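Participant: Quick one: structure below, then a few questions.
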Amino acid sequence: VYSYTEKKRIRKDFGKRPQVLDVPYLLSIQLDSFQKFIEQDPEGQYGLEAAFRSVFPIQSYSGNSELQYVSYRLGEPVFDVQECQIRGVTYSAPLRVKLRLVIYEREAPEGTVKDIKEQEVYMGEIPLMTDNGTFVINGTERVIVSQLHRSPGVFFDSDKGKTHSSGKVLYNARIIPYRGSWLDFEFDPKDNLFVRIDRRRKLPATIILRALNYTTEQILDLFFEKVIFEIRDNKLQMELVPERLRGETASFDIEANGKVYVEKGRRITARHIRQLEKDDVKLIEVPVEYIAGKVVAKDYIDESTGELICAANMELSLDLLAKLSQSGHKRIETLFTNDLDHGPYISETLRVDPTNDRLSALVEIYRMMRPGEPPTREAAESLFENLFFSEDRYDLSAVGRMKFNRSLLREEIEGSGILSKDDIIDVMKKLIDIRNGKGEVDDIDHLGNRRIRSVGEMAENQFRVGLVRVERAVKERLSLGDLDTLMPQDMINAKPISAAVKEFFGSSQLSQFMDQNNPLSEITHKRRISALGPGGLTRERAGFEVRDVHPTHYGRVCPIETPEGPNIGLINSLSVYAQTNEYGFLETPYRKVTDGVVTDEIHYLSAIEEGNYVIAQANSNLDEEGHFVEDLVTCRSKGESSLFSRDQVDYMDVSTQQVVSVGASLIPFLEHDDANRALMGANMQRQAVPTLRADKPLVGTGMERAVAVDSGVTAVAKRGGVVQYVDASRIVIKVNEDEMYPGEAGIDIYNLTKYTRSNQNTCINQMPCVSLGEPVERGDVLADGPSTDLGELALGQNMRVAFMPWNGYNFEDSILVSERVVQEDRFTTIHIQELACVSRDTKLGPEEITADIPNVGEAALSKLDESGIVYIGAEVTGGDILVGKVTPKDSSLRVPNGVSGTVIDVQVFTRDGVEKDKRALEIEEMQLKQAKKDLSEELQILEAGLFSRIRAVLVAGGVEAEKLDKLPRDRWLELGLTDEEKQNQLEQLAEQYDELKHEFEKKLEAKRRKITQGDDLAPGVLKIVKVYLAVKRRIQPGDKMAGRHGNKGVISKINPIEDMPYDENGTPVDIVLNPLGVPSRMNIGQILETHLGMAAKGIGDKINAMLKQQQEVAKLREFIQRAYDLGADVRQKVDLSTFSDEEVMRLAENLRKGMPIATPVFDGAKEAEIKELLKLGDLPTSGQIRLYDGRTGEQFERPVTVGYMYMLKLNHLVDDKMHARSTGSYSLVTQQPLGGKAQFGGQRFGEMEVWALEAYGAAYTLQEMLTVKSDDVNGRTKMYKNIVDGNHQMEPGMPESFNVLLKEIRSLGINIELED
Amino acid sequence: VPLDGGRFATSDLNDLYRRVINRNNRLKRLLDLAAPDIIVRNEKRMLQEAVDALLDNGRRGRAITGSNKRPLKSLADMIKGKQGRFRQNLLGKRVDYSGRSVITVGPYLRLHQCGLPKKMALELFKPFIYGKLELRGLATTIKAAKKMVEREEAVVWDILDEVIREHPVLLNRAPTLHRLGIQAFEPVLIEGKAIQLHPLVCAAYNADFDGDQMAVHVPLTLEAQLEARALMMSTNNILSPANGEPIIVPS
Amino acid sequence: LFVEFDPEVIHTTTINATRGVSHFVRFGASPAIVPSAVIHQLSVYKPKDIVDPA
Amino acid sequence: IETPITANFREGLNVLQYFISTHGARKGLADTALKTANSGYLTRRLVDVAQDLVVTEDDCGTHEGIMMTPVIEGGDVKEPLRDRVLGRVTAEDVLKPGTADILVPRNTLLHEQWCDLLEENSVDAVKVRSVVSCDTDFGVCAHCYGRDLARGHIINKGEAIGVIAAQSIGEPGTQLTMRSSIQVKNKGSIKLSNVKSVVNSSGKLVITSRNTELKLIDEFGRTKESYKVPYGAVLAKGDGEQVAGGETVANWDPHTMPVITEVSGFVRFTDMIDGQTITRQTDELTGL
Amino acid sequence: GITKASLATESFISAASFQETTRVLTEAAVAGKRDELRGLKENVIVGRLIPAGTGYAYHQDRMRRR
DNA sequence: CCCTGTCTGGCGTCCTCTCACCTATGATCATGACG
DNA sequence: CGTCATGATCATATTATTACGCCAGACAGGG
Ligand SMILES: [Mg+2]
Ligand SMILES: [Zn+2]
């Protein structure tokens, strides 16, 4: 079955793979993150409650006072979104917090407080998010963009190759906390182990192991095994486990049990280890040279002298053995220090250590942190407990503790946010294991190590920084005042909190201005994974590897939609199905392929769970049950594609559209384009402009409805029902009774957004697309937006294209367009410019906006009214007067030189106290009248719905067929009816009606207050006049058009109609492209799009022929059914036998300008299907029509390719780039011309052009190019007199900026001069 | 500079000089009223560090800032590097009598001429038109001539066709790589708003027509017209200076 | 300003309670070795007049 | 990747093949970005080191120039004599091998007719005057530069050649990239250079030098093959002989450095004391 | 090398318009070094004719009248 | 004094176009209202 | 008439780090 707007124009759909998971709501990152941020969240985390429970309770400097936390609450905003964008306020909500003050007594902090006080306090204004997913900061709609950064936890990197120039790789182990001090363990080419804290000075690593109160005996107990030597009657025998001897060449003949095992000069084989462990050999015999370099573990003391025999971690010599042998020790514990197995890294590290106990280690750490000051044991304890071991200054998140347990092979993924002793010891153990040769290092670009922050987490962090500044103020006013007399709003002030959150949302590196000229550009700017910003890398520094697609971007981050230029691969765009995990990583759906059958359950995999399993590719053929029809199937195991068996697979992809993003899944035939041209096509499809009447794509991907409905430019119905009143302003839906609340009678009113300014100076319009009396369903479009049509997404328009060289006018990439295109007004885009004029406050008095103006006459002032402001509707030229303004000297606002327009909307804002003039009172009466009429129509329309409910209830149960309309309509309650649900319902509707009456009274009073009041404004401004010009820019030689595949081009000549190549029917082609761009720039998808567009228009022409002849619905039903079946096993399977002879005529009314065809991305329409659809129309099979010429009237040889391509106009127009300057203004500090176009400036004759004129022999051209034309002021006035008198001659002089160089060098101690 | 809001976001130099004069006046007052023995030392350290912030900020240990993270600009940051007087103001300058627009093809040109709009040719060539007006006697002063060419009356297009005729312009593509990147043409007036540029010539600019933009300059003096005709004309440079290969290869 | 505390208290970690002091007079890692002479000399200073900035 | 892309753009590409194509494409785009970033700075440093050198005289008056020979990597001759000695003033006047007969005088610009007359007589090495061996104080004379490139005649007195030179080198920096025996092909006489050779017992010619360079002199004088010959290599031929095509004339071992001798006699050990100077390591699984 | 060959000149304006300006101006400050405009880029700085094309004939005239 | 490692200074394309942003917080003084 | 509270206007610089990389030349560490 189909929805009623899907019976208007049902898009033909090729495609073979039956879908199982539809496209999710495309704005779920922004909305879900900010819903996670601001919501009443119990059990502590996440949200604002995490900040308010981690920075509170503020306890004082031993004054026994404490400011603890209760709850919070956000009130309603004073301004809704529309008034906020008009006036210019933030769209914020006040953050009320309930704080409590308690004050303890003397001698008992575990005793009773004498007095508490709990109260409401005001702090900050956090800006809310609109339903589109955007913020309104100062009247300009802004987006905060998700950041891709390093995941907190341990990270074992390897500084490969480059250091020490000898190939010896290093290994470092960066512990990355979420908030606190970093910690980098590393090696050096002497194989010592060095710690460092926050990239500061370097210490040997075991100095922190003493700082955790470990003795050296315990350190060697941890980081090494033991070797036991027993002195038993002969040559100091040894306990030997032969696994340590795997490949070691002994120094003697190892024999045991009267049997020679190992010979001198040979090594111990593995089978000799098997012999020694099979015979269970324990004690072997060593020479005196064997313990010549063995390292003792613990301290041995002589019992008689009370001295030290040998210190810990010391090699043993002959005299040390002679001392400890005669003291009474039979057991000797040493360490195993092999070449391959276990290096003595800990032992060499302890030999570099000068420290000896806990205190000296804490002193040295306190000295490397803060240099050159007296340490004290209390200060060293406090610093080292506040580096890693305190809840305040150090905090891994849950993400950090998960990565730190997972990368150390733990079990519990839950732990504390602070470190401990076992954590650092496990980091050093894993680092030594990586140095020993077992285990692997971790790459950086792997998406199991890249977390995604969003709006909620970054706003929480900035709010937390505001709170630690305010706890740095409250720890102030709390123990330095008189108690009890103050309340907790005199202490805490809202300036740092609001300053921090307002600086983050106002100007950050990630809170950026929304590129809004297209529904696609909105919905793909909100889905952006930027690597830049705070905590990430920078553009002009890094690098190589991060600008490259890793093998685990498959289905998380789009590989082909990224901006080319200085930041490729850093401004990644997130894919279609890609959600965000609980912790912040990326996850993507798959289908659990149990042992034979592809089960239709979806199952979200992260980036590290994907690697262990094995995933089938998306388009693998399966026969109606899930059984894979091949016995070799293409899969990918561990980041590496291969060919696997039938039933060793564990997952299949969901749909074939999931590698790409929503920018580059509206490209039909994407699998035929080379990836560079698909990148340029997706980026230019983002850069489109909305035309006047947007049409549709004939060749789409079916993804248009998700991008249109799941954005916020169309007016989606909330509750379905029957339309009651359509208008260009408003739309009224009457809600069906099986969707309807019992109370609040309810018929909905959609106030559309008519002609208003976007951010890119386009024209964001909404047009109603429903008829009257028409049913609508829940979840359905009512009003099309900009670049939409019937709920689809129509960016550009589809035109008749031919690929042929035509007389050179399409030489490199140019485009040649018939005048039939510009006559139909079909690229005529509508732009809106906002021109502001402020009435400031200066000396000699304030300014005047009135029209009594000097130096002007009738010809200027005829287009102004009697109070200076231009009319609404006056079509002005470039350089007239819009607002007349004179200062205590003409300073009237003028149209900037070049642009026409029609003044559509004038706003006047008045700072309160200033006298409103007659036009400001006219606008006040106008908006009073509009708001009065609008709220009165709200009351009338909802009262009409309420009375219709009363009529619907009184059909039964005491019905009065004639007596109902004899009495006035406001008394439909006291009629004959007992105590039932109906009199209860009439009482509830009377409650609703009296609520509407008193609500209408109070809301009209509040709206008169909002219109009548002034507005807070800039320091020293009287009134602001804003005027909206509405230019209509058509098309001309110089604009940029482009298709959807990377075929760019400046349109080069707008030919007449007659010159166009026509065919043997009569129709001229509209646009003549260039064929030579196809074999080099390998975008072969545009030719398949051209042929399938010609097939679509062939079906449309046959419908137009079968309908223009007034044929009955039977033949239309026949032909539309044949055009909708037409293919292989497909998904569509429609039938017109359930459309009932009236929808088929209206569906053919919508198909007569062409039949829309969906072609999904990697499961598209093959060549034979295009041929069979070109055979259904009577077009030629090869797609090529023979074409005549317009000039000569004789045939082009070798018939050419025509069809329809869907081409977009880009907003790089030519009357926005063109500029010229004879003599304008000059800069102030260096007397050179200004830069730019708005400032009337000159083009920079840069350095390489100076080199290119030195490279010729042009000497006078360069002399006037940098002395006369540019800098020397007396030289250029002499030049201007000489040019207007006909004498071409220059008096050179000196550049004045060289005198500026002399003054800047001379302002140092340097004495530069000019000799002779 | 005023920011038109009642306040002056000052330049960094006045901040630096203001810091030196504050610290110096406080040091004069502390040497006046006697320094507390081993005391007249911290203030001189502060003065030395403020002067070292003024002459070259950031060369001594951690630099200063006004707002917020960015270190502010001393004198050596005005002479050195990019954004300084050697590379931004003295070796490459901003230049009057110049303009820029988007290029296009127009293959009906001879290779020594390029299309150029009527609006650009009227705004680049203004004082030539003023001179021809008060030399032919169609405006008494300069102000009547300026208002005539602002209204664009029906006679100034004949003046403009009489000043373009044998007068070269310099076309320039924005990444000039080698010396064929600046060439000189003789303009032809075009109804429209783009620069029609001969196709063969676009082998030397490495310029396609997918939105490229080129800038035109005007040689004012007489010797510069002769140098843009004899040395830099588009017919003269047909061989590259890298080898003997022709640069007019048909593309 | 002159302070006297370095026996076994917070040598350099907690300036005061809050307020906003510039620093600890810098001049090296620790404060300049202040001997027992200037302190006694600054026990009764300001023996001039109002002086001031004219 | 060991499993290639068996699908072209006229047919489809499925998802993994298009993903691997994306690996290649984004690697290329990032190469072009950072490539331009280095290329512009290379042009800057070259036009700032040259910057000053102006053709300021008309004849320096020296003779010593560099020797232009065609480059020989060891295969086909890559850059011939006509494309190197095109338009540059000769250092010493070229005498054809009819010795004491002058072919060109010693100050003649070698334009295209003279280059064809060089190619006909098969001239070995036209010694020619270079800019680096000039004599002009504070500048470069006109004759040592050569033809005015981009024009036909000799260089004009004045054209700044440092700037056009630095632009001509740095301008193709956008196009550049960023990140057993001797087998003969042709036939001719055999030349050896810097060789110390001796006769083995087999009758061949063995070599006692690393600095040996083999050359193939053709029928008219020049050289079409050159081969660096290693130390102790064994030739199947000698000097001045004649070979045929496809004939490997030399063989050696790239793994072993041969310590071959000159005189024929017994071998004894001098200053070779066992245990210290030489050690006893018996090859276990072979025997020798 | 070309960056050291360009920083080691007898003309401090060329070596100042190239890389580090601080070291070049301090060395030329304490040495009392005296540029004489010596070629192309110093004359591009100071605003006069290049001694390459037509300005080469002008500079031969100017140097001959010295 | 003769290496050999560390440290801190230099440097990292051109041209153009668009947009926002460029305090707020605390203390003191004056005026008005209430007792 | 006096005192207290509230509102408006005017006045200055932490508030209490970590994701570039190479080359090069001087300064110093180890022997
Ligand atoms: Mg291009
Ligand atoms: Zn010479």
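Residues are referred to by chain and number: the chain letter is A, B, ... according to the order shown in the structure tokens, the number counts from 1 in that chain, and ligands are numbered separately from 1 in the order shown.
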Would you mind listing the residues within 9 Å of ligand 1, counting only C-alpha atoms (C1' of nucleotides) and all ligand atoms, as a list in words?

Facilitator: residues 813, 1048 and 1049 of chain A; 206, 207, 208, 209, 210, 211 and 212 of chain B

Participant: Next, dump the selected residues to file, keeping only N, CA, C and O atoms, as a PDB file, in the first residue's frame.

Facilitator:
ATOM      1  N   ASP A 813      36.244  23.182 -20.463  1.00  0.00           N
ATOM      2  CA  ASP A 813      35.169  22.591 -19.685  1.00  0.00           C
ATOM      3  C   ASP A 813      33.876  23.361 -19.865  1.00  0.00           C
ATOM      4  O   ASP A 813      32.907  23.076 -19.158  1.00  0.00           O
ATOM      5  N   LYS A1048      32.253  20.256 -14.359  1.00  0.00           N
ATOM      6  CA  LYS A1048      32.061  21.661 -14.030  1.00  0.00           C
ATOM      7  C   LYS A1048      31.856  22.470 -15.304  1.00  0.00           C
ATOM      8  O   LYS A1048      31.652  21.932 -16.391  1.00  0.00           O
ATOM      9  N   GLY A1049      31.914  23.785 -15.178  1.00  0.00           N
ATOM     10  CA  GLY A1049      32.034  24.583 -16.369  1.00  0.00           C
ATOM     11  C   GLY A1049      31.472  25.975 -16.265  1.00  0.00           C
ATOM     12  O   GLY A1049      30.408  26.186 -15.695  1.00  0.00           O
TER      13      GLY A1049
ATOM     14  N   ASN B 206      48.055  27.391 -17.956  1.00  0.00           N
ATOM     15  CA  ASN B 206      47.545  26.160 -17.339  1.00  0.00           C
ATOM     16  C   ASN B 206      46.128  26.385 -16.820  1.00  0.00           C
ATOM     17  O   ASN B 206      45.783  26.048 -15.689  1.00  0.00           O
ATOM     18  N   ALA B 207      45.302  26.991 -17.661  1.00  0.00           N
ATOM     19  CA  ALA B 207      43.986  27.464 -17.259  1.00  0.00           C
ATOM     20  C   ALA B 207      42.921  26.740 -18.059  1.00  0.00           C
ATOM     21  O   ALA B 207      42.893  26.837 -19.290  1.00  0.00           O
ATOM     22  N   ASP B 208      42.053  26.024 -17.366  1.00  0.00           N
ATOM     23  CA  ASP B 208      40.825  25.529 -17.957  1.00  0.00           C
ATOM     24  C   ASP B 208      39.744  26.583 -17.743  1.00  0.00           C
ATOM     25  O   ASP B 208      40.035  27.734 -17.425  1.00  0.00           O
ATOM     26  N   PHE B 209      38.490  26.238 -17.957  1.00  0.00           N
ATOM     27  CA  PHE B 209      37.424  27.206 -17.787  1.00  0.00           C
ATOM     28  C   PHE B 209      36.370  26.697 -16.825  1.00  0.00           C
ATOM     29  O   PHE B 209      35.174  26.880 -17.035  1.00  0.00           O
ATOM     30  N   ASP B 210      36.800  26.052 -15.744  1.00  0.00           N
ATOM     31  CA  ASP B 210      35.877  25.538 -14.749  1.00  0.00           C
ATOM     32  C   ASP B 210      35.709  26.480 -13.574  1.00  0.00           C
ATOM     33  O   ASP B 210      35.541  26.022 -12.438  1.00  0.00           O
ATOM     34  N   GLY B 211      35.765  27.775 -13.812  1.00  0.00           N
ATOM     35  CA  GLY B 211      35.678  28.752 -12.766  1.00  0.00           C
ATOM     36  C   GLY B 211      36.948  29.503 -12.493  1.00  0.00           C
ATOM     37  O   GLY B 211      37.058  30.118 -11.429  1.00  0.00           O
ATOM     38  N   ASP B 212      37.917  29.469 -13.404  1.00  0.00           N
ATOM     39  CA  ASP B 212      39.149  30.205 -13.209  1.00  0.00           C
ATOM     40  C   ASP B 212      38.893  31.696 -13.306  1.00  0.00           C
ATOM     41  O   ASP B 212      37.965  32.143 -13.976  1.00  0.00           O
TER      42      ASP B 212
END

Participant: Hey, what's within 9 Å of region 24-41 of chain C if we count only C-alpha atoms (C1' of nucleotides) and toss same-chain stuff fewer than 4 positions away? As an mmCIF file with C-alpha atoms, in the first residue's frame, please?

Facilitator:
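The result, written out as around_19.cif:
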data_model
loop_
_atom_site.group_PDB
_atom_site.id
_atom_site.type_symbol
_atom_site.label_atom_id
_atom_site.label_comp_id
_atom_site.auth_asym_id
_atom_site.auth_seq_id
_atom_site.Cartn_x
_atom_site.Cartn_y
_atom_site.Cartn_z
ATOM 1 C CA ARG A 370 58.138 23.178 39.895
ATOM 2 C CA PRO A 371 61.791 24.092 39.291
ATOM 3 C CA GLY A 372 64.051 25.628 41.897
ATOM 4 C CA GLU A 373 62.237 25.869 45.227
ATOM 5 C CA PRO A 374 62.584 24.209 48.657
ATOM 6 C CA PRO B 36 64.347 49.718 50.299
ATOM 7 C CA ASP B 37 68.067 48.662 50.111
ATOM 8 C CA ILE B 38 68.089 45.281 48.245
ATOM 9 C CA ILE B 39 64.771 46.306 46.571
ATOM 10 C CA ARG B 41 65.894 45.455 41.478
ATOM 11 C CA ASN B 42 62.517 43.785 40.887
ATOM 12 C CA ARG B 45 63.746 43.380 36.036
ATOM 13 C CA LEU C 1 54.501 43.542 50.360
ATOM 14 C CA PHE C 2 56.656 41.901 53.100
ATOM 15 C CA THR C 12 55.368 28.239 47.962
ATOM 16 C CA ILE C 15 49.882 32.439 48.331
ATOM 17 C CA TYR C 45 60.036 54.777 56.720
#

Participant: Taking only C-alpha atoms (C1' of nucleotides) and all ligand atoms into account, report as a ChimeraX atom specification which residues have an atom no farther than 8 Å from an atom of ligand 2.

Facilitator: /D:59-62,129-131,133-136,140-145

Participant: Do a neighbour search on region 6-19 of chain F at 9 Å with only C-alpha atoms (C1' of nucleotides), toss out local chain neighbours closer than 5 positions, and write the hits as JSON, numbers by chain.

Facilitator: {"A": [513, 540, 541, 759, 760, 1216, 1217, 1236, 1237, 1243, 1244, 1246, 1248], "B": [173, 174, 175, 176, 213], "D": [36, 37, 38, 39, 40, 41], "E": [19, 20], "G": [23, 24, 27, 28]}

Participant: Of the candidates A:503, A:126, A:154, A:212, which one gets nearest to residue 21 (chain F) if we count only C-alpha atoms (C1' of nucleotides)?

Facilitator: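 Answer, going by the shortest atom-to-atom distance: A:503.
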
Participant: Between CA of residue 673 (chain A) and CA of residue 661 (chain A), what is the distance, to one decimal in Å?

Facilitator: 15.7 Å

Participant: Check every residue of chain G for an atom within 8 Å of chain A, counting only C-alpha atoms (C1' of nucleotides), and provide those that qualify as JSON, numbers by chain.

Facilitator: {"G": [15, 16, 17, 18, 19, 20]}

Participant: Counting only C-alpha atoms (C1' of nucleotides), what is within 9 Å of residue 564 (chain A), bar same-chain residues fewer than 5 positions away, as a ChimeraX atom specification?

Facilitator: /A:569,679-680,683 /D:29-30,33

Participant: I'd like the contact shell of region 245-250 of chain B - 9 Å cut-off, only C-alpha atoms (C1' of nucleotides), skipping same-chain residues fewer than 5 positions apart - returned as a PyMOL selection string.

Facilitator: (chain B and resi 199-204+237-240) or (chain D and resi 150)

Participant: For region 22-30 of chain F, list every protein, DNA or RNA residue within 8 Å, evaluated using only C-alpha atoms (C1' of nucleotides), and leave out those in the same chain fewer than 3 positions away; present the list as a PyMOL selection string.

Facilitator: (chain A and resi 495+499) or (chain B and resi 3+9)

Participant: Next, the residues of the selection above should be written as a PDB file, in the first residue's frame with N, CA, C and O atoms.

Facilitator:
ATOM      1  N   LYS A 495      28.813  35.566  36.124  1.00  0.00           N
ATOM      2  CA  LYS A 495      29.661  36.095  35.063  1.00  0.00           C
ATOM      3  C   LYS A 495      30.634  35.068  34.470  1.00  0.00           C
ATOM      4  O   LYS A 495      30.697  34.995  33.238  1.00  0.00           O
ATOM      5  N   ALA A 499      30.114  33.608  30.731  1.00  0.00           N
ATOM      6  CA  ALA A 499      31.212  33.981  29.847  1.00  0.00           C
ATOM      7  C   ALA A 499      31.851  32.765  29.197  1.00  0.00           C
ATOM      8  O   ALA A 499      32.151  32.803  28.001  1.00  0.00           O
TER       9      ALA A 499
ATOM     10  N   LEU B   3      36.167  50.540  15.771  1.00  0.00           N
ATOM     11  CA  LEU B   3      35.359  49.422  15.310  1.00  0.00           C
ATOM     12  C   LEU B   3      33.885  49.787  15.174  1.00  0.00           C
ATOM     13  O   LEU B   3      33.052  48.887  15.009  1.00  0.00           O
ATOM     14  N   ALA B   9      39.437  48.866  19.769  1.00  0.00           N
ATOM     15  CA  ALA B   9      40.307  47.697  19.852  1.00  0.00           C
ATOM     16  C   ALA B   9      41.662  48.132  19.334  1.00  0.00           C
ATOM     17  O   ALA B   9      41.865  48.282  18.125  1.00  0.00           O
TER      18      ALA B   9
END

Participant: Give me, as a Markdown table, each residue of chain B that comes within 12 Å of chain E, together with its shortest interatomic pair and the distance in Å at one decimal, counting only C-alpha atoms, with rows ordered by chain and rising residue number.

Facilitator:
| residue | atom | partner | partner_atom | distance |
| --- | --- | --- | --- | --- |
| B:55 | CA | E:22 | CA | 11.0 |
| B:56 | CA | E:22 | CA | 9.4 |
| B:59 | CA | E:22 | CA | 11.0 |
| B:75 | CA | E:22 | CA | 10.9 |
| B:76 | CA | E:22 | CA | 7.4 |
| B:77 | CA | E:22 | CA | 9.9 |
| B:78 | CA | E:21 | CA | 10.7 |
| B:79 | CA | E:21 | CA | 7.4 |
| B:80 | CA | E:21 | CA | 5.6 |
| B:81 | CA | E:20 | CA | 7.5 |
| B:82 | CA | E:19 | CA | 10.2 |
| B:84 | CA | E:17 | CA | 10.3 |
| B:85 | CA | E:17 | CA | 9.4 |
| B:86 | CA | E:17 | CA | 5.7 |
| B:87 | CA | E:17 | CA | 7.0 |
| B:88 | CA | E:17 | CA | 10.6 |
| B:89 | CA | E:45 | CA | 9.5 |
| B:90 | CA | E:45 | CA | 5.7 |
| B:91 | CA | E:45 | CA | 6.0 |
| B:92 | CA | E:44 | CA | 9.2 |
| B:93 | CA | E:45 | CA | 10.6 |
| B:223 | CA | E:54 | CA | 9.6 |
| B:224 | CA | E:54 | CA | 10.6 |
| B:226 | CA | E:54 | CA | 11.0 |
| B:227 | CA | E:54 | CA | 9.0 |
| B:230 | CA | E:54 | CA | 11.8 |
| B:231 | CA | E:53 | CA | 9.8 |

Participant: Select all residues from chain D having any atom no more than 10 Å from an atom of chain A (counting only C-alpha atoms, ignoring ligands), output as a PyMOL selection string.

Facilitator: chain D and resi 1-3+8-34+37+40+43-44+47-48+51+158-167

Participant: Please provide the set of residues having any atom within 10 Å of region 263-276 of chain D, restricted to only C-alpha atoms (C1' of nucleotides), with same-chain residues fewer than 6 positions apart removed, written as a CSV table (one decimal) with N, CA and C atoms, in the first residue's frame.

Facilitator:
chain,number,residue,atom,x,y,z
D,198,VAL,N,94.3,-8.9,-15.6
D,198,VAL,CA,95.4,-10.0,-15.6
D,198,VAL,C,94.8,-11.2,-16.2
D,199,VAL,N,95.6,-12.2,-16.6
D,199,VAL,CA,95.2,-13.4,-17.3
D,199,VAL,C,95.1,-14.5,-16.3
D,200,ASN,N,93.9,-15.2,-16.3
D,200,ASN,CA,93.7,-16.4,-15.4
D,200,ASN,C,94.3,-17.6,-16.1
D,201,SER,N,94.1,-18.8,-15.4
D,201,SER,CA,94.6,-20.1,-16.0
D,201,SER,C,93.7,-20.6,-17.1

Participant: What gap, in Å, lies between CA of residue 1110 (chain A) and CA of residue 1097 (chain A)?

Facilitator: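 Spanning CA of residue 1110 (chain A) to CA of residue 1097 (chain A) is a straight-line distance of 20.2 Å.
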
Participant: Using only C-alpha atoms (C1' of nucleotides), which of D:215, D:64, D:132, D:174 sits nearest chain F?

Facilitator: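 Smallest distance to chain F is found for D:174.
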